[PDB]
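Take a look at this single chain in structure tokens; it is the form deposited in one PDB entry.
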């Protein structure tokens, strides 16, 4: 039951957010944000750079000073604030879902029922962790009393992508604020509006000034500024596998700040011959096409056992062909446009490459509309491991279907990737499910499902898909600094 959207919601926030106040860039510059559905400019936004980053960091550091309102604050209170911010977001749910769609391209139905529900659940989950992440009392040798304090890491620089603007923001603020850190966030140039509106809600929630600071702008400028700043204690980057390397270098050459990376992937979705055909087909479609195929963990390599390959493909193609593309605000729209022209062209290039390599184009394969960045649901069959489309993250509505015979075979081929973010297995057999979930080198392995993220389930990657984690109790580790206090006592006893 989705409330009717305002297909052209007004933009109330388009500036830099520091100390709970809106500022223009020092350079007084801005940049336009495009509506991927029309190609039209939604509005202008403050273009932050080094100087603005510096303004943000100092404000954060100041809010993190020993004795500040944020530091003395009871941990249970931080939880109270997170729950408050969630209630505000829920109040403005219909608006945010709309604004998210207007700037990202994704279906308003998805933004409301999915994106925003997950935002709410994420913030409410972490609110609960605020006063529940205990330190330890250690039974060290000798007459001593030793314990640990889990203190905040400090000023945390967070750079987030555009595929899930509001959600990525929540996944980062949630653990950081629950553990007492301060944030200097850089949002994507493609989708900065929703994040900024939330910063307004952060102020209304009652968070002390400087606790959360958002700086919209470009990656080479603002992003690198944060990653290089001498006063930033930790930087968390989430995006392309290429930019991540830049960040780890700029961070290790600046002040040895802690660095966590969340990169892309070429996640394998294995369908064994005994899988529920109807279920497998529908999930494999969802596995890839979800969010215009713009998912870090997208099932971009659909491995199918030979005995059921033909039937699977036939059904897959039918599902692709029936997938409705169009205005994200229309309730019947399943797939919206791609985020921007760059990606739009980048995808078309991959499709072209797929054709060049001998991959059998089964459906779609070109522009889906003369206005906006829409691409038809494309499906490539008889894909080989050596093909480009079977190795490089496409990040679009392009499905690759590979055929395999043995289970021993598919494990090797699935694991034969520089990536290892996620993977999935569709089978009715107990042994096969356990065999594969253990053999697959992936941060997350789904059985008879895909893209099932719980605010309580960790999300990390193996190999070059990343390091460290988001969501779950493990998420608190990365934003926590451990101090050991060892006191000399008169005489220790058990």
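Positions refer to the first chain, counted from 1.
We do not show the form deposited with a small molecule bound, though everything after this point is about it.
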Tell me, please, which stretch of 352 to 360, 160 to 168, 77 to 85, 405 to 413 lies within 4.5 angstroms of the small molecule in the deposited bound form when heavy atoms are compared? 160 to 168
Can you pick the one in 335, 238, 316, 179 that has a heavy atom within 4.5 Å of the small molecule in the deposited bound form? 238
Which of these residues, 89, 202, 295, 383, gets a heavy atom within 4.5 Å of the small molecule in the deposited bound form? 295
Is there any non-hydrogen atom of residue 31 lying within 4.5 Å of the small molecule in the deposited bound form? no
Is there a non-hydrogen atom of residue 308 within 4.5 angstroms of a non-hydrogen atom of the small molecule in the deposited bound form? no
Would residue 459 sit within 4.5 Å of the small molecule in the deposited bound form, counting heavy atoms only? yes
Using the partner position in the deposited bound form, report whether residue 73 sits within 4.5 Å of the small molecule, counting heavy atoms only. no
If you check in the deposited bound form, do 118, 451 and 470 all have a non-hydrogen atom within 4.5 Å of the small molecule? yes
